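Topology and contacts: notes
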Amino acid sequence: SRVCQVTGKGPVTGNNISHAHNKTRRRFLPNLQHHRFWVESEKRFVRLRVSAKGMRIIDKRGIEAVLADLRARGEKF
Amino acid sequence: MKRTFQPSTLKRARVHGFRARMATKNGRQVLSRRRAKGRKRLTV
Amino acid sequence: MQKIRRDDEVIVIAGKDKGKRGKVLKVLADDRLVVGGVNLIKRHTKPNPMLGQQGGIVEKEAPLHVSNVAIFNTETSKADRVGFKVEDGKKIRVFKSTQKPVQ
Amino acid sequence: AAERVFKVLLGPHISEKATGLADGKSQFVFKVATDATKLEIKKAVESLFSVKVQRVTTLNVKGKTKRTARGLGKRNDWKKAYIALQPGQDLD
Amino acid sequence: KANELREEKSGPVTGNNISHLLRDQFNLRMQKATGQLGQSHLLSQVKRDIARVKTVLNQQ
RNA sequence: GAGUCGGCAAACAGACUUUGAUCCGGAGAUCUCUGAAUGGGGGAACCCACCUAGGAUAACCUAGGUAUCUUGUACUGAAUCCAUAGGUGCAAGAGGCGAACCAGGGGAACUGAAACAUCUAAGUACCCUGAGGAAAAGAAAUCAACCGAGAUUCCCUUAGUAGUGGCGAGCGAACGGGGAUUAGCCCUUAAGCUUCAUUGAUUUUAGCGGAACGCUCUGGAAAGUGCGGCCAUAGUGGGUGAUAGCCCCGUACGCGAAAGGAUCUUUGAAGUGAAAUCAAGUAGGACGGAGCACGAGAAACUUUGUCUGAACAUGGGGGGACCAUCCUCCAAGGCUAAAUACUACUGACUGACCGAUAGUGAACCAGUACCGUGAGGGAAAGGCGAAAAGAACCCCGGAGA
RNA sequence: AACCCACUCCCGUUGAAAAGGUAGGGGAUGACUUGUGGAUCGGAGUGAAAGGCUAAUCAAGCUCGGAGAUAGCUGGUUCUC
RNA sequence: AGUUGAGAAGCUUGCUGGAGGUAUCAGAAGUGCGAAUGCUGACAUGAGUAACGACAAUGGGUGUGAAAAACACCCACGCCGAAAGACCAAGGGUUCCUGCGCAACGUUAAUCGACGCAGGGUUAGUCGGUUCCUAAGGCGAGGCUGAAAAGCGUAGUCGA
C-alpha cells in the first residue's frame with residue numbers, strides 16, 4: 001500500500017474547504033517514489049518505495065543504518 | 001406462464017451454499033448472524 | 001437419609017384412612033408411598049387381548065404422600081418423628097420421643 | 001482387522017422376498033453395516049457362517065420419514081446385501 | 001468387573017477376550033434379527049463388557 | 001445408603017442392586033464425520049491421496065505423520081566470481097468464535113436551523129483492525145502568580161459561567177475546591193510482570209447433622225374452628241387432599257474433601273520489561289488540513305500530508321498574538337498496581353415487576369411452523385382431579401362417530 | 001407444422017389464469033429458437049432505447065440498521081359532579 | 001333480584017363457582033375506551049345465494065358394503081393416438097407395492113385414493129455418477145496493488 005518503507009507514512013485524511021466553506025473529504029498521500037539505493041557492504045542495489053522525507057533520512061543516517069532497522073520491523077528489503 | 005423460481009440444486013449450492021458463504025467475509029458474518037439468532041438451518 | 005424405608009411399619013397421619021397401620025411396599029420418586037391396606041382404589045380394567053386376562057374392577061392401593069404417614073413406635077403405640085441421633089460410624093435412624101432405634 | 005468381521009453383518013433381513021429368494025435361488029438377504037464394501041461382507045460370511053460365497057450385491061436403503069406432532073422424523077438409512085452362494089450350501 | 005480383567009490377564013489374554021466376546025455380540029444380534037432372542041439385557045451388557053476390556057487395554 | 005435402567009411417556013418386557021447399583025462431585029479413557037478444518041479437492045457433514053513402521057496369500061488393515069504463514073536455525077545454492085535471491089528439512093508461534101467494555105483506521109444521512117449551503121445531528125450510526133480481563137493514560141519540556149501545588153484515571157462542583165457560533169440553531173471549558181485511590185522505578189539495566197519449583201494459609205467444585213403438637217368440631221381431605229401445650233442463633237420459605245415454626249424437604253446454627261481448580265503469601269530460578277548510553281531529520285517554520293469547548297479568528301498549545309530545518313545547562317519550551325522581565329519545567333527512550341468501564345456467562349438473594357393478547361419473539365419440542373431465491377421476516381398453542389381412582393359391564397349405532 | 005411470438009375479436013375481470021382461453025394472425029436456416037453452466041448489481045448494472053428490465057417490486061431493487069427520521073398536516077385521546 | 005345515594009357508584013342477597021379475598025386511612029399507578037379505513041381472536045350479514053375448474057360421454061349388469069352415479073369386474077358406448085402413448089435429464093423425495101382403514105384431506109358421497117396406520121420393495125466391471133481430462137468462469141502459494149476490509153493475477157487446481 002501507499003506507506004513509506006522508511007518512515008511508515010501512510011495516507012491521512014482531511015477536508016477541502018471551499019470559499020463558501022463547504023468541507024469535502026479528501027485524502028493526503030505521501031510523496032512516495034521508487035528508488036534504488038546502493039549498498040557498498042552488499043555490492044548491490046535495494047529498491048524500496050519511499051517518501052521524499054525517507055530519502056532525506058537515508059541522506060542523513062546512511063542506507064546501512066536505515067536498512068538495519070527496516071528488518072527489525074520486518075520489511076521486504 | 002413461467003414463474004420466477006426455476007429450481008436447480010447446483011445453482012442453489014453455489015450461490016447460497018455453505019462454502020460460498022464461508023468464502024467471503026460478508027457470508028461468514030451471514031453465518032455468524034444466522035448462528036447467533038439460533039437458527040436450525042443457517043444454509044438454505 | 002430418608003425417614004421411611006420399605007420394610008417399615010407406619011400409621012397414616014391426616015389422610016382419608018388416618019389411624020390405620022401398614023407396612024410400606026413401594027417408595028415412589030415423587031415422595032409418595034404405597035402402604036398396604038390404605039387408599040384402596042377401584043380401577044375399572046378392560047380385559048386383555050393376546051389371551052391376556054386381568055378381569056374387570058381390580059382393587060389396588062394408591063400412593064399417598066410421605067408427609068401423610070409417620071413411623072409407628074411399637075413401644076408407646078404412637079406416631080413418632082424419626083431422626084438420626086445415634087451412631088458410631090454407621091447412621092441408624094432413631095425415634096425422637098424416646099431416642100430408641102427404629103428396628 | 002481381527003475385529004470388523006463381527007461388525008459388518010447386522011442380521012438376516014426377514015421378508016417374503018428374502019424367504020422366497022432363499023428358497024428358490026441360493027441368495028440370503030442380510031442387513032449389513034452402512035459402510036461395508038462387497039468384499040468385507042464376503043470374507044465375513046466365509047468366516048462366520050462357513051460357506052463359499054460366489055457374489056455379493058448391495059443396496060443402500062433410505063429410512064422412511066414419519067409425520068407426527070413436532071414435525072417429520074426420519075428412520076435410519078440402512079444397508080442391504082444379497083449373498084449369492086453355491087446352489088447347495090444354505091447358511092446357518 | 002475390571003480389576004478381574006487387570007488380574008494377570010495380559011495384552012494377548014484381553015485381546016483374545018475381545019474377539020471372544022465380539023462373537024457374543026454377533027450371535028446376540030443374529031438372534032435379535034430373528035425372533036430367537038428372549039432376554040434383551042445381554043445385548044446391552046456385551047457392549048459394556050467390550051467397553052471394559054478396551055478400557056483396560058489402554059491403561060497398563 | 002435403597003432403590004434403579006434420562007424426558008415427552010404410562011405402561012410393558014429382559015434385567016441390575018446391601019458382596020452396595022442408580023445418583024452427585026474430582027480426575028482420567030474413548031471422542032465418527034463436518035466446521036479456522038490444516039494431506040489434495042469439494043456443492044459442510046463428501047470424494048481421492050502420499051510417506052514411514054508393523055501385521056495381512058494376487059483384496060487390504062492398524063498406528064503415526066503429510067496445510068499455509070511468521071520467527072529462529074540447519075543444509076543447499078541462480079543469473080554471477082565471491083554471496084545474495086531462491087529452495088529443502090527441522091523447532092516454536094499464529095489463524096477461528098464470542099453480548100458488551102477499550103484503543104485505533106475510515107466515516108454518513110434523515111433531523112434541527114421553523115427553507116438552506118457555514119453549522120448541527122456527530123466523530124454518532126455503520127464498516128474495519130488490534131489487545132486485555134479490563135483497556136487506555138500515566139511520574140511534568142504540567143498548572144499557577146510572585147503565593148504555591150505536584151503522575152494518571154473516576155465522581156460532585158465551579159457552570160450552562162468564560163468563551164465559541166450564518167455571534168443564528170447551538171456547542172461548551174478552565175483556575176480553584178470536595179473526594180474515591182495511593183507507588184514510582186529505570187536506560188552504569190530498576191520496580192513490576194510472567195513461567196517453573198517450593199512455603200504455609202484461604203476459598204471453591206459433593207455433602208453430613210439440624211429443635212419442638214396433641215385432643216376436638218365441620219369437612220371428601222384439616223394446615224382451618226374450640227382448648228391446652230412445646231421449640232426458637234430455627235416465626236411471614238416451599239408442598240403436604242383447605243390456611244402448618246412443631247407432617248415432610250428445609251432454615252438459623254455447627255461440621256465436612258481421595259482428588260482437581262482459583263486467590264494471597266514465602267524463597268529461589270530462568271526469562272522479560274529492554275529501547276541502549278538522557279534522545280535530530282527531532283524542536284521550530286512556510287503552505288494545506290485536523291484537533292483543542294475555540295466555524296484560522298488577535299490565535300496561543302497539540303498533530304502532520306508536502307517542503308524545509310536548530311541550540312546543546314552562561315541550552316531549550318511553556319505561561320492564549322507578540323516583546324521584554326520574572327516564574328516554572330527538561331520534549332524528541334521507556335515500563336508501571338488501585339480507584340474506572342462492561343456482562344453473552346455462572347451462583348445466591350431481592351422486587352408497591354408481568355402473570356398467558358401480559359412477561360422474552362418463545363411458560364407448550366420456538367428462532368420451530370410458515371413466508372422468501374437468498375439476506376432476512378416470523379407465529380399460534382398453558383390449567384381434569386388431591387389421587388387416573390382416565391369410566392368394568394349393559395343398550396342404540398357401521399366391531400363407527 | 002413443431003418451436004418462438006403476440007396483431008384482432010369475443011370471453012374472462014370475485015378468472016381455470018395477479019396477464020389466460022378459443023377462433024383467426026406474424027417469423028419459421030436465422031440479426032433464429034433453446035437446454036446446461038458462467039459473468040455484469042443499486043446514482044449501480046444491462047438495454048436494436050421503452051424509463052425497458054434487474055426474482056409477480058423500478059425515474060433508483062430487496063432486506064437490516066441510523067429510526068420511535070420528519071410531518072405548521074390528518075385521525076384518535078378512556079370515570080363523575 | 002332487591003335496595004340506597006346528585007353522580008361515578010355502594011350495600012344486602014338467590015343460583016353458579018370451588019380458594020382465595022382485603023374494613024379503614026394512607027402511599028403508588030401499565031388507573032377507567034365506542035370510535036383512531038385502530039391490533040388480535042370469536043362470530044354475524046350477504047346466503048343456504050354464487051360456484052363445484054374446459055361443453056371426451058356415458059348406459060346397464062354383477063359384487064362388496066352400514067350405505068355405491070363415482071370402487072372393482074363384465075358387457076356396451078364414446079375420447080386421445082407426433083399423444084391424453086411409451087421414455088431420459090432436471091426438480092421432487094417414498095408419492096411406489098401389499099394388508100388394514102375413512103375422522104380430517106378429496107370442491108359431493110366414497111367401500112376408492114397421490115389420504116391415515118403398519119409392513120415390504122430400489123441388486124451393475126458394461127446404464128448414469130465418482131475416478132481421468134479440460135471450456136467459459138472461479139479460486140489462487142509466492143507476487144503486484146490497495147486506509148483496512150480487499151482487488152487482480154503467475155505457478156497451480158477446480159470447474160461439464
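**Focus: the overall build of chain C**
Each helix and strand counted, chain C has zero helices and ten strands in total. Taken from the N to the C terminus, the helices and strands of chain C come in the order β-β-β-β-β-β-β-β-β-β. Projected onto its principal axes, the C-alpha coordinates of chain C cover approximately 55 × 30 × 20 Å. The buried share among the 103 residues of chain C stands at 27%.

**A few points about the protein's contact with RNA strand H**
The environment of RNA strand H is made up of 27 residues, and the closest members are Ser1, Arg2 and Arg49 of chain A together with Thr57 and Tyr82 of chain D. Between a sugar or linking oxygen of RNA strand H and a side-chain N or O atom of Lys25 of chain B, the distance comes to 3.2 Å. The side chain of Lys17 of chain D places a nitrogen or oxygen atom 3.5 Å from a sugar or linking oxygen of RNA strand H. Listed by contribution, the elements that provide at least two residues to the surface near RNA strand H are α1 (9-16) of chain B together with β3 (53-61), β4 (65-68) and β6 (78-85) of chain D. With four residues, the top contributor of residues to the surface near RNA strand H is β3 of chain D. Classifying every residue of the surface near RNA strand H by side-chain character gives four nonpolar, nine polar and 14 charged.

**Considering the interface of chain D and chain E**
Taken together, the contact pairs eleven residues of chain D with nine residues of chain E. Surface buried jointly by chain D and chain E totals about 1,000 Å² across both partners, of which 68% is contributed by carbon and sulfur atoms. Mapped by element, the contributors of at least two residues to the side of chain D that touches chain E are α1 (5-8) and β1 (9-12) of chain D. The element best represented in the side of chain D that touches chain E is β1 of chain D, accounting for four residues. When the residues that make up the side of chain D that touches chain E are grouped by side-chain class, the tally is eight nonpolar, one polar and two charged.

**Examining unusual backbone geometry**
Peptide bonds are, in most cases, trans, and in most cases residues other than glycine have a negative phi. Residues and elements named next belong to chain C. A positive phi angle, near 60 degrees, is found at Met50, a position not held by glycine. Among the structural elements, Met50 can be located in the loop between β4 (40-44) and β5 (57-61). Even without a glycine there, the phi angle at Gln99 is positive, about 60 degrees. With respect to the helices, strands and loops of the structure, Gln99 is situated in the segment after β10 (94-95).

**Some points on helix α2 (residues 11-33) of chain E**
Between its first and last C-alpha, α2 of chain E extends 33 Å over 23 residues, near the 33 Å set by a 1.5 Å rise per residue. Here α2 of chain E has its buried residues at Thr14, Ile18, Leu21, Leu22, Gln25, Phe26, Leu28, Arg29 and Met30 of chain E. Of the surrounding elements, those touching the buried residues of α2 of chain E are α1, β1, β2 (27-32) and α3 (43-48) of chain D together with α1 (3-6) and α3 (41-58) of chain E. Its side-chain oxygen 3.5 Å from the backbone nitrogen of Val13 of chain E, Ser10 of chain E forms the N-cap of α2 of chain E.

**Topic: the UniProt feature "domain: KOW" (unreviewed entry) in chain C**
Residues annotated in UniProt with the feature "domain: KOW" (unreviewed entry) correspond here to residues 3-30 of chain C. Across residues 3-30 of chain C, the secondary structure splits into 0% helix and 39% strand, with the terminal C-alpha atoms separated by 15 Å.

**So, the packing of α2 of chain E against α3 of chain E**
All names here are of chain E. Here α2 crosses α3 at 160 degrees, and the two axes come no closer than 10 Å. Considering the angle they form, α2 stands roughly antiparallel to α3. Once α2 is placed against α3, the crossing between them reads as left-handed. Contacts between α2 and α3 involve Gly11, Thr14, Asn17, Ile18, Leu21, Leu22, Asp24, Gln25, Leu28, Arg29 and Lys32 on the former and, on the latter, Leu42, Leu43, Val46, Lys47, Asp49, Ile50, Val53, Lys54 and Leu57. Considering only residue class, the contact of α2 with α3 consists of ten nonpolar, four polar and six charged.

**Digging into the pattern of salt bridges**
Enumeration according to the criterion identifies eleven salt bridges over all chains in this entry. Note that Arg21 of chain C and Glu9 of chain C form a salt bridge whose closest N and O atoms lie 3.9 Å from each other. Of this pair, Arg21 of chain C sits in strand β2 (residues 21-27) while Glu9 of chain C is found in strand β1 (residues 9-12), placing the two residues twelve residues apart along the sequence. For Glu9 of chain C, a relative accessible area of 34% gives the class partly exposed. Where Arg52 of chain E meets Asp49 of chain E, a salt bridge forms, and the shortest distance between an N and an O atom there is 2.4 Å. Here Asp49 of chain E and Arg52 of chain E lie together in helix α3, a separation of three residues that amounts to about one turn. In the salt-bridge network here, residues are joined through shared partners; they are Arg4, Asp35 and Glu40 of chain D.

Definitions and limits used
Residues numbered from 1 in each chain as written, not as in the entry; some residues may be left out. Chains lettered and ligands numbered in written order. Part of a larger assembly, values for the part shown. Heavy atoms only, no water. Residues with missing side-chain atoms left out of burial classes, pairs and counts. Helix = DSSP H or I, 4+ residues; strand = E, 2+ residues; numbered from the N terminus. Buried < 20%, exposed > 50% of the residue type's maximum accessible area, 1.4 Å probe, protein only. Near = heavy atom within 4 Å. Polar contact = N/O pair within 3.5 Å; in protein donor to acceptor, adjacent residues only side chain to side chain. Nonpolar A, V, L, I, M, F, W, Y, C, P; charged D, E, K, R; others polar. Contact = heavy atoms within 4.5 Å. Buried area = accessible area lost by both parts, 1.4 Å probe. Expected span 1.5 Å × (residues − 1). UniProt positions renumbered as here; feature names shortened; annotations may be inferred. Axes fitted to C-alpha atoms, helices over the stretch in contact; angles between N-to-C directions. Parallel < 35°, antiparallel > 145°, perpendicular 65-115°, else oblique. Left-handed = near helix turned anticlockwise from the far one by under 90°. Salt bridge = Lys/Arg side-chain N within 4 Å of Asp/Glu carboxyl O.

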